[PDB]
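Everything on this sheet refers to the single structure shown next.
Naming convention: chains lettered A, B, ... in sequence-line order (proteins, then strands); numbering from 1 in each chain. Computed over heavy atoms, backbone and side chain alike; hydrogens, waters and symmetry mates excluded.
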Amino acid sequence: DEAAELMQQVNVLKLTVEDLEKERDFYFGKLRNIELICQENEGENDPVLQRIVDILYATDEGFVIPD
Amino acid sequence: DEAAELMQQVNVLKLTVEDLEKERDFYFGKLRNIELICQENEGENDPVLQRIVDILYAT
């Protein structure tokens, strides 16, 4: 029964999607919290923060949904 | 046709898994890059890096 087999596969993939969404969003949230820390401490010429800002750049929201 | 409908749903959910997983991995890798920078600069007693370390390991 192909329909039954596919329904089981759908249920499993849905759980996987829910889990991955949470994981993605949790890591993204960490990146955003770190971006905030950098933005707050902006213009104090800390070279390590500059390193971190440069890493952060590609993870910016504007590359996912235009802002 | 339930089987055909479900098959399309599987295809979409596989693509969704792929997209979410790749995104998760990319964000993880970036966090790990930041982690290393923090580790390398530990014992400088930089309070901003302490803030960042605390975010990294928050649950």
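The CD atom of B/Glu23 sits 12.5 Å away from the CD atom of A/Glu23 when rounded to the nearest 0.5 Å. Rounding to the nearest 0.5 angstrom, the gap separating the CD atom in B/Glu35 from the CD1 atom in A/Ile34 is 10.0 Å.
Contact of the A/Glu44 side chain with the A/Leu49 side chain is registered, since non-hydrogen atoms from C-beta on lie closer than 4.5 Å. Put simply, the side chain of A/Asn41 does not reach to within 4.5 Å of the side chain of A/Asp46, judged on heavy atoms. A/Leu15 has its side chain out of reach of A/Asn11: every pair of non-hydrogen atoms, C-beta onward, lies at least 4.5 Å apart. Considering only heavy atoms from C-beta on, A/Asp25 comes within 4.5 Å of A/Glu21 through its side chain. Side-chain contact between A/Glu61 and A/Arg32: present, with at least one pair of heavy atoms (C-beta onward) separated by less than 4.5 Å. A heavy-atom distance below 4.5 Å is found between the side chains of A/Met7 and B/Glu2. For the pair A/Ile52/B/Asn33, no side-chain contact is recorded, criterion being any heavy-atom separation below 4.5 Å from C-beta on.
With respect to A/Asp19 and A/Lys14, no salt bridge is recorded, no charged nitrogen being found less than 4.0 Å from a carboxylate O. Classification of B/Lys22 and B/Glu18 as a salt-bridged pair holds, one side-chain N sitting under 4.0 Å from a carboxylate O.
The ring-ring contact (aromatic ring centres under 6.0 Å, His included) with A/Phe28 is formed by just one residue from the set B/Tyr27, B/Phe26, B/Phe28; it is B/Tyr27. A side-chain contact (heavy atoms from CB on, under 4.5 Å) with A/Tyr57 is found for one member of A/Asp54, A/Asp60, A/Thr59 and no other, namely A/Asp60.
Across all non-hydrogen atoms, the minimal contact from A/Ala4 to A/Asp1 is N-OD1, 3.1 Å. B/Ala3 and A/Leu6 get closest at one heavy-atom pair: O-CD1, 3.2 Å.
A donor-acceptor contact shorter than 3.5 Å links the side chain of B/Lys30 to the backbone of A/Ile55.
Hydrophobic clustering, with ILVMFWY side chains joined whenever heavy atoms are under 4.5 angstrom apart, keeps A/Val53 apart from A/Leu31. No chain of hydrophobic side-chain contacts below 4.5 Å, direct or via other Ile, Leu, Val, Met, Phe, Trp or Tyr residues, connects A/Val64 to B/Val17. Following chains of ILVMFWY side-chain contacts shorter than 4.5 Å, one cannot reach A/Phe63 starting from A/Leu56, and the two form parts of different hydrophobic clusters.
Within 6.0 Å of atom CD in B/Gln8, 12 or fewer heavy atoms from other residues, nucleotides or ligands are found, so the atom counts as exposed in its surroundings.
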